[PDB]
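Hydrogens, waters and symmetry mates are skipped; everything else that's a heavy atom, side chains included, is used. A note on names: the letters A, B, ... follow the listed sequences, proteins ahead of strands, and every chain is numbered from 1.
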Protein chains: 2
Amino acid sequence: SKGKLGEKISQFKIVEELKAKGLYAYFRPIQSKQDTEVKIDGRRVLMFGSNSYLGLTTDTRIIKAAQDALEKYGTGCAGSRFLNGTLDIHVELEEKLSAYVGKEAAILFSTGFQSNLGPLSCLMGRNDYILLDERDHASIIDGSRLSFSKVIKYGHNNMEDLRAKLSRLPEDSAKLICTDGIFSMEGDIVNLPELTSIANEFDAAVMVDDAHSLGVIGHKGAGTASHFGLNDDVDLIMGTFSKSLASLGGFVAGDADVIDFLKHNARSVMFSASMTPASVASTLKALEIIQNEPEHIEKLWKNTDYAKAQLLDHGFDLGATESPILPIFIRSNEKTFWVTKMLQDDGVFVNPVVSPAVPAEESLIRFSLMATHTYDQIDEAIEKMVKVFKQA
Amino acid sequence: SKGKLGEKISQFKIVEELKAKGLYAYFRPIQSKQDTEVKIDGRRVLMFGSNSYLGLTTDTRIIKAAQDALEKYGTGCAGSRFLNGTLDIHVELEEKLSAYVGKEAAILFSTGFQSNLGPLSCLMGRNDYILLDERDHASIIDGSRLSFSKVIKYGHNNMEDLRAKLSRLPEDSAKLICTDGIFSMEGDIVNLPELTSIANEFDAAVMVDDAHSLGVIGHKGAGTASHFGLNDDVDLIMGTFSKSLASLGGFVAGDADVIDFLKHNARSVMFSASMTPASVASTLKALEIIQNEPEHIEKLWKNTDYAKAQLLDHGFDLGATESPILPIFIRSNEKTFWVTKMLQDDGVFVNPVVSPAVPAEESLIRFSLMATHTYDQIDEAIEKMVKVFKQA
């Protein structure tokens with residue numbers, strides 16, 4: 001019955017107004033492979049709103065391995081890892097990833113989202129606590145909400161607030177601090193050194209979500225712990241295969257006893273079909289490439305440095321970023337939407353960040369770099385962004 | 001820090017004891033494609049613990065389309081559907097699925113698990129209520145837990161308890177009843193006719209999870225609503241691509257205004273990378289095949305009927321199943337594990353259902369049929385099950 005249901009959604013009219021005004025730019029139908037340039041409605045558009053940091057989704061070798069996987073293993077495993085969904089290649093990926101981040105064991109999940117849901121939902125129980133950075137990814141908030149523990153949020157990268165909130169908690173109770181390595185919104189890095197110091201001072205477990213760190217920071221792209229050399233102080237390293245690794249899925253690495261507990265207690269892995277053979281081979285090949293070919297990470301950072309400088313010279317107000325995620329502040333929801341659509345019309349694809357995700361004064365567009373980007377593409381994009389910002 | 005964390009997992013020793021006793025049979029490493037027969041440790045094993053009801057994961061045509069998708073679109077979209085992750089093929093699948101289940105629109109999710117998380121987390125708010133069948137899939141319990149509404153569980157397929165709990169709720173408040181179409185544990189079907197009668201009597205929204213119904217029941221495999229002809233009384237039809245559809249991912253179909261609300265409010269679709277091109281093409285091809293080739297669904301039911309009869313003649317106590325999921329009761333956790341391992345050693349793969357998922361007296365092994373199974377394979381499996389049940 002749709003009576004009361006109709007009332008609950010009747011209030012949501014932002015999409016309706018966005019479309020009517022001709023400003024709507026969500027769910028854009030791309031007709032070609034994710035690349036530095038994508039075809040939308042038959043026309044070419046520069047892609048600066050991607051998470052494919054190393055531009056590997058088009059690598060013919062990664063594509064080949066995926067196609068080979070399908071030829072040997074089929075289109076899917078038709079079951080969770082727990083039961084009939086485990087393949088030797090899943091196990092191989094887990095050990096390769098374990099060696100990569102320098103941990104004993106690892107467990108894959110169908111998506112990066114479910115990778116956070118698992119550990120956050122079953123490690124901390126009834127009289128325990130989960131400490132979250134207020135800007136943590138949504139999957140982290142949800143995962144913590146799935147637990148039966150008390151979830152406490154602390155100021156963004158505010159160590160004083162972290163220590164303060166931790167010190168109020170009872171001695172006899174477990175605590176788990178969970179943080180993004182590189183935060184997706186402003187592209188900044190977590191203060192791991194101080195967070196871990198506070199953590200092992202109160203004996204709290206530490207989990208880091210490296211969705212945007214893998215293949216970006218750390219030795220050979222190994223992540224945030226690797227970046228700070230704090231591997232030994234991070235209990236759980238979580239990552240995703242949907243960004244630098246050009247695939248779909250995720251993982252959680254840590255000590256053998258903890259991962260074994262995860263494997264058999266996390267609902268997101270026990271009750272969800274395993275990742276497709278194509279994605280496993282895809283992730284394996286990409287991982288190999290990220291390590292054995294330093295040109296990619298190097299290329300990514302050359303584009304990031306070049307674009308960041310180019311943007312600052314044009315007067316743009318960039319956020320406190322320390323990654324390939326360049327947040328260009330706009331400070332107006334309407335203007336942010338307008339800029340996005342106008343750039344889209346001018347062949348430039350950027351991601352908008354608006355309310356209710358952030359207050360109107362903190363609204364911005366996310367400009368993201370890929371290793372495969374060229375100085376020309378960057379110049380063309382920025383050149384058009386100046387023009388559009390002028391018009392607004 | 002691992003201090004308090006070590007204490008929380010120290011109590012979990014069932015896996016440890018299972019392995020030491022040589023009874024462990026979880027996460028078995030399959031070395032070949034999911035099929036009626038799978039290679040484990042170099043040896044062949046009959047597969048009766050799969051969700052690939054139509055045995056389509058090995059279909060060369062579905063494999064080909066996936067490989068073609070990869071060739072054209074690459075290994076991944078590197079972003080959520082919300083932003084840069086939408087492809088024309090995603091949109092095509094959504095409209096094809098919409099036509100399939102007879103609904104206006106549809107929105108895909110990266111996994112079937114996240115397909116439940118979306119609608120259950122954002123439709124019913126603060127002063128609203130979600131009614132769940134006590135045996136609903138874990139993803140449904142979690143999705144409801146993600147909402148800010150009051151979650152109320154009712155007796156399994158108990159309509160009196162449903163009506164009773166619904167009647168206690170305030171007039172001015174929304175309600176959403178969510179149920180599995182075909183329940184995975186005992187393989188039974190929800191009493192949709194009476195549930196919907198109670199629903200539109202109290203003006204409650206109805207959502208059905210057809211993970212195990214699609215490609216099994218309903219005209220041409222269209223599902224539970226189709227099965228009962230109650231399409232018009234089901235507000236939301238949710239499904240998965242990881243079982244009959246031989247892939248990975250899921251969807252929620254319904255009215256255009258509701259789905260549009262989902263698209264822009266469900267965190268599991270807004271903050272999670274879209275399904276890989278390979279899986280989208282894979283799902284599209286499988287869907288086409290399920291409809292245009294009735295031999296599969298027919299074959300599945302011939303095997304189900306044959307196996308069910310064969311099992312009842314041998315004296316096995318089957319559950320109240322009405323699907324290809326044949327639950328063979330054992331009523332002993334230890335015996336259930338022992339039977340599973342012994343069958344595994346004898347080349348027969350079955351799934352165990354034990355505590356704490358169900359009380360020890362309700363423990364059983366799930367025997368599942370695939371359209372591609374042969375009468376010989378079924379005979380061989382059952383023949384070995386009789387022997388093993390004897391030994392126990």
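- Of the residues considered (A:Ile177, A:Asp88, A:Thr86), A:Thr86 shows the highest number of contacts with chain B, using heavy-atom pairs under 4.5 Å.
- B:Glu171 touches chain A through its backbone: at least one of N, CA, C or O sits under 4.5 Å from a heavy atom, while the side chain does not.
- The cationic atom of B:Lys263 (NZ for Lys, CZ for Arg) does not lie both less than 6.0 Å from the six-membered ring centre of A:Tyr26 and within 45° of the ring axis.
- Nearest approach of B:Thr111 to A:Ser110, heavy atoms of both residues: CG2-CB, 3.5 Å.
- For the side-chain hydrogen bond (donor to acceptor under 3.5 Å, both in side chains) test with B:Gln67, the passing option among A:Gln67, A:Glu71, A:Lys64 is A:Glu71; the others fail.
- Rounded to the nearest 0.5 Å, atoms CD1 (A:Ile89) and CD1 (B:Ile30) are 11.5 Å apart.
- When side chains are defined from C-beta on, B:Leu70 counts as touching A:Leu70, because their heavy atoms get closer than 4.5 Å.
- For A:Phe27, the parts sitting under 4.5 Å from any heavy atom of chain B are the backbone and the side chain alike.
- Contact tally against chain A (heavy-atom pairs below 4.5 Å) for B:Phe241, B:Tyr53, B:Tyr73: the top residue is B:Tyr73.
- With a 4.5 Å cut-off on side-chain heavy atoms, A:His264 and B:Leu18 do not count as touching.
- In this structure, chain B has heavy atoms under 4.5 Å from both the backbone and the side chain of A:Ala138.
- Contacts between B:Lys285 and chain A at a heavy-atom distance below 4.5 Å are absent for every atom of the residue.
- Residue A:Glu92 does not touch chain B at all, counting heavy-atom pairs closer than 4.5 Å.
- Proximity to chain B is absent for every atom of A:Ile198, based on heavy atoms less than 4.5 angstrom apart.
- Proximity to chain A is absent for every atom of B:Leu236, based on heavy atoms less than 4.5 angstrom apart.
- Residue with the most contacts toward chain B among A:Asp257, A:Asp260, A:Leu117, A:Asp68: A:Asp257 (heavy-atom pairs, distance under 4.5 Å).
- Of all heavy-atom pairs spanning B:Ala205 and A:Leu5, the tightest one is CB-CD2, 3.9 Å.
- Heavy-atom distances place the backbone of A:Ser173, and not its side chain, under 4.5 Å from chain B.
- Side-chain atoms of A:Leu56 and B:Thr75, non-hydrogen and from C-beta on, never get closer than 4.5 Å to each other.
- There is no contact between A:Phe109 and chain B, counting heavy-atom distances below 4.5 Å.
- Among the candidates B:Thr240, B:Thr58, B:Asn265, B:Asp233, the residue making the largest number of heavy-atom pairs closer than 4.5 Å to chain A is B:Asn265.
- Neither the backbone nor the side chain of A:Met270 comes within contact range of chain B, judged by heavy atoms closer than 4.5 Å.
- For the side-chain hydrogen bond (donor to acceptor under 3.5 Å, both in side chains) criterion with A:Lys2, the lone passing option out of B:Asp255, B:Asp235, B:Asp203 is B:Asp255.
- In this structure, no portion of B:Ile40 lies under 4.5 Å from any heavy atom of chain A.
- Distance check, rounded to the nearest 0.5 Å: CG of B:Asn351 to CZ of A:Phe82 gives 10.0 Å.
- Interface residue A:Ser147: only backbone heavy atoms are found under 4.5 Å from chain B.
- Rounding to the nearest 0.5 angstrom, the gap separating the CZ atom in A:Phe271 from the OG atom in B:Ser139 is 9.5 Å.
- Per-residue counts of heavy-atom pairs under 4.5 Å with chain B were compared for A:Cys122, A:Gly79, A:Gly49; the largest is that of A:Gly49.
- One finds the OG atom of B:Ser272 at 7.5 Å from the CD atom of A:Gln114 (value rounded to the nearest 0.5 Å).
- Interface check for chain A: of the options B:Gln34, B:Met47, B:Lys175, B:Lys72, the most heavy-atom pairs under 4.5 Å are formed by B:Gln34.
- The structure places CG of A:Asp172 at 8.0 Å from CD of B:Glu7, a figure rounded to the nearest 0.5 Å.
- Proximity to chain A (any heavy atom under 4.5 Å) is shown, for B:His90, by neither the backbone nor the side chain.
- With a 4.5 angstrom heavy-atom cutoff, B:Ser50 touches chain A via backbone and side-chain atoms both.
- Contact annotation for B:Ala204: only backbone heavy atoms (N, CA, C, O) come within less than 4.5 Å of a heavy atom of chain A.
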Evaluation steps, side chain to side chain contact (heavy atoms under 4.5 Å, CB included), between B:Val38 and A:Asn84:
CA-CA 10 Å; B:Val38 300; A:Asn84 58 305; over 6 Å; no
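- Contact detail for B:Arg145 and A:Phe148: the closest heavy-atom pair is NH2-CD2, 3.3 Å.
- Scanning both residues, B:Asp142 and A:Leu146, for their nearest heavy atoms gives O-CD2, 3.5 Å.
- Interface residue A:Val258: backbone and side-chain heavy atoms are both found under 4.5 Å from chain B.
- Considering CG of A:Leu262 and CZ of B:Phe12, their distance stands at 10.5 Å, rounded to 0.5 Å.
- Here the shortest heavy-atom pairing between B:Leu87 and A:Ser32 reads CD2-O, 3.6 Å.
- Residues B:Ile63 and A:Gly74 come closest through the heavy atom pair CD1-CA, 4.1 Å.
- No part of A:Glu16 comes within reach of chain B, as not one of its non-hydrogen atoms sits under 4.5 angstrom from that chain.
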Do A:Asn51 and B:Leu83 pass the side chain to side chain contact (heavy atoms under 4.5 Å, CB included) test, and can you show the C-alpha distance, the side-chain angles, and the key distance before you say yes or no?
CA-CA 10 Å; A:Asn51 294 329; B:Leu83 279 18; over 6 Å; no
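- In this structure, chain B has no heavy atom under 4.5 Å from any part of A:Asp232.
- Heavy atoms of A:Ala199 lying under 4.5 Å from chain B belong exclusively to its backbone.
- With a 4.5 Å cut-off on non-hydrogen atoms, B:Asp128 touches chain A through its side chain but not through its backbone.
- Counting heavy-atom pairs closer than 4.5 Å to chain B, the top-ranked of the candidates A:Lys33, A:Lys243, A:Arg81, A:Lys4 is A:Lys4.
- B:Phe349 touches chain A through its side chain: at least one heavy atom from C-beta onward sits under 4.5 Å away, while N, CA, C and O do not.
- With a 4.5 Å cut-off on non-hydrogen atoms, A:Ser274 touches chain B through its backbone but not through its side chain.
- In this structure the side chain of B:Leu176 never reaches within 4.5 angstrom of the side chain of A:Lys8, judged on heavy atoms.
- With a 4.5 Å cut-off on non-hydrogen atoms, A:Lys39 does not touch chain B at all.
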